[PDB]
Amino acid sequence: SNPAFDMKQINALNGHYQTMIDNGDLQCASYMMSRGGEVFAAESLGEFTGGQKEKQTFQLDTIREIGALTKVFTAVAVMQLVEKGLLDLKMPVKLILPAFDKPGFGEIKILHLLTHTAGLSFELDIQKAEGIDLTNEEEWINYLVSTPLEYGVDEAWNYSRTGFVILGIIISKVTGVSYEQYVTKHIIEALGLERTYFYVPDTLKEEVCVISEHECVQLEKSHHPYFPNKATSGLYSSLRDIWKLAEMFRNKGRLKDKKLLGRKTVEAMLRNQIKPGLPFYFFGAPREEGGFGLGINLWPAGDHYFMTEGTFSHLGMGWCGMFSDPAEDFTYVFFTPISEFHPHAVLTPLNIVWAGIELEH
């Protein structure tokens, strides 16, 4: 075995996905895994439909929205601006966005937004914004700072989509271009992603995986339905492109001749940035404590999980995910389109994949 992987776990992995597709849980599924930067196993299963067209075959290069995985693109963009000297992680947000110059918001720093410790709630409610344009940058900011904060800074890890929308606004301010234009040129094109778009062109729109009508409606829209940018969600991508992003991190910023970050910067992003003893919250409910870097998740890893300590990851509704084990030079990315979450459908295959890892040779 050149990649040193027990290929019977591939059969167990395919059968696990194929069982849920035959039971009606999943419509389709796809994955891709690599050892030492070389993909040795990749499969696509099932069919998809948005409820109108007939069923199309799910493919390995099928484009699909990655949801919260867009946050990793935003994190790279922020850390690039730090490498250039235009941003600092300890910068108070009120320095760039003077609307934050008020009690509570005045102590929110860029480090707090990257690590979900800025005290912001999960999201802004849109029913109270009647009369104001939620997708306007100037309007959305004033409505945010007119809403009370959940906690003060450094009080708890609270996953917030609002936090990364602000980062996309800060990126737009210090660069002179929009967040979408910056990420497209300095990340998407600089890394060589061939099937990654903030907005899918018309000629490729028929090859986008959609499992609901509201996914097809959003497919033809030119802006996020209620955010001034797409820094928290809204990126369409493929398995190979998500695999390239994970491999860029495992190689500490390089993908052969493509360089996105410095070696020392990625080492900072993969370090635990949360104060000890802080409580964790995801969607109001408590969560199990875990490491978290500069926009990168260091949990789950170790403990009862098979993933080695130091494995970094990030999930996204869809569902989707990328998992990279630096100790094993191993990477696993997957697409599991489903309208909600279920760990048996999303996180159980992690036990199957890592149980096949043999000693690298």
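The numbering used is simple: start at 1 and walk along the sequence shown.
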Quick check: 152-160 versus 113-121, which has the larger average CA B-factor in the record?
152-160
Between 251-259 and 280-288, name whichever shows the higher mean Cα B factor according to the PDB entry.
280-288
Which is it among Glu189, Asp88, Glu220, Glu267: the one with the largest CA B-factor in the entry?
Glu220
Among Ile126, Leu235, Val93, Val165, highest Cα B-factor in the entry goes to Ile126
Where the record places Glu43 (Cα B-factor, split into thirds across the chain):
lowest
Looking at the temperature factor on the CA atom of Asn14, which third of the chain's modelled residues does it land in?
lowest
Ranked C-alpha temperature factor of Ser172 among modelled chain residues, by third:
middle
Quick check for you: using the entry's CA B-factors within this chain, is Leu359 in the lowest, middle or highest third?
highest
Third assignment of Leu350 from its chain's C-alpha B-factors
middle
